[PDB]
């Protein structure tokens, strides 16, 4: 029935403004208030405010006050939340949900996809892939991989042997570097006897920068 | 439409919710 | 609303999550489950009322100003970040959410980390940065300590770590400690090692490379 549609992740420049949208697929946006919850990737859910359809009244928390504006296109019933004067702290995922203030539910039942908003403080950069040599032993669990470094912003996708190599592949979560760029390391466990015979190639693709690098790791 | 912030809850949208009547106003 | 940060449990037992309040009739408290990468889902409403389609293993209780969510028959699929939420009886009727509780099903096995050290790639050394990567693979749980020892000297503040859960195939963990040094400082030293201490390997395991 009622499902909420949100746009995709949007990286923004410090000091700009983003207007995350919320569409009612099957809903009418004319009875139950639509609450907006802000969540950093690892955070506790944090209610920002609510917009109520019957009376065109918007309620916003004092902490979020002054920047949040609850606009809404009445035609097609699409509500928009615009967080103005963006700052680094603002980086979080923003969810729109149908609040059942009236009625027995007394909770937010239908949630939205969630539009991730990040404040860049950095320019897009292609990834620099560096090989992780699998030591030098002919045996046995041998570890090799690729170091994707200095790329902005996510996502980057790393595969091994063009998707053939799956087991043992451990792509590690991206870590924001002190410079402001992202970096990840992907490792794979292989038999050390195959080090010389087998050809191991990591396929890294940074679609934001449209950089597809096929680095090879066979020391 | 550009909804406005009023820092109160109307009792028109408040049904079966008791917390509303604990804190509700009107024009 | 405040919740315990994490609640660990063995498979089959019953864990409970507290939701202590500093208000809406103290019957509006509800319980939410947010699995990683997914939207929050309403699991329990009206203290104990269970929305249709939710497993019977979830219940709700209310003591004083503390709300409790009890999960019977804890399974590895049950683990998620659980949040309690209720209205705050404020001017705009704030809906306050809880801090969050990471339920974890964790028992019956122990694994030792497979330590592998990677010297910095000379290509990256050309760029000017030296990334020494220490890899801990297939260990459980993640209470492991990694000490960067450069020429028998501990290095701190220059190490960044990342952890991943290996599905359920091994239900283990993987860590990548990255020691980043400048090309000059890297060449200034000789021996680079990462001593690793974990529950699986009580005796300290160190992987060293000399350049």
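Quick reminder, even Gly has a Cβ in these numbers, built from the backbone with ideal geometry, and neighbours come from all protein chains shown. Read-outs throughout are calculated quantities, based only on the coordinates presented, and are distinct from any laboratory measurement.
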Rounded, prolate or oblate: which fits the range C:89-155 when a ≥ b ≥ c are the square roots of the eigenvalues of the alpha-carbon gyration tensor, with rounded for a/c under 1.5 and prolate only if a/b beats b/c?
-> oblate
Compute the Cα gyration tensor for the range A:19-67, then decide on rounded, prolate or oblate, letting a ≥ b ≥ c be the square roots of its eigenvalues: rounded whenever a/c is under 1.5, prolate when a/b is larger than b/c in the other cases, and oblate in all that remain.
-> oblate
Shielding score for A:96-108, defined as the mean number of other chain Cβ atoms within 10 Å | 6
Set the Förster radius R0 to 35 Å, insert the Cβ-Cβ distance between residue A:165 and residue C:70 as r into 1/(1 + (r/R0)^6), and round the FRET efficiency to 0.05.
-> 0.20
Modelled label-to-label distance, residue A:31 and residue C:203, 7 Å Cα→beta-carbon offset: nm?
-> 7.0
Classify the range C:114-210 as rounded, prolate or oblate, taking a ≥ b ≥ c as the square roots of the eigenvalues of its Cα gyration tensor: rounded when a/c is under 1.5, otherwise prolate if a/b is larger than b/c and oblate if not.
-> prolate
Pairwise label distance in nanometres, residue A:124 with residue A:136, each label 7 Å out on the Cα-Cβ vector | 4.1
Per the 1/(1 + (r/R0)^6) rule, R0 = 56 Å and r from the Cβ atoms of residue C:61 and residue A:205, FRET efficiency to 0.05 is 0.70
Along the Cα-to-C-beta direction of residue A:179, a point sits 7 Å from the Cα; which residues of the range C:146-184 have their amide N less than 16 Å from that point?
-> C:159-160, C:178-184
Area projected by the alpha carbon convex hull of chain C, averaged over all directions, nm² = 16.1
Taking the alpha-carbon set of the protein assembly as shown, what are its Rg and Dmax in Å?
-> 25.5, 83
Applying 1/(1 + (r/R0)^6) with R0 = 22 Å to the Cβ-Cβ distance of residue A:82 and residue A:13, what FRET efficiency is obtained, to the nearest 0.05?
-> 0.90
Intensity falloff of chain A expressed as log10 I(q)/I(0), Debye formula with alpha-carbon point scatterers, at q = 0.13 Å⁻¹ | -0.81
Using only the Cα atoms, work out Rg/Rh for the range C:6-105, with Rh taken as the Kirkwood radius, to two decimals.
-> 0.96
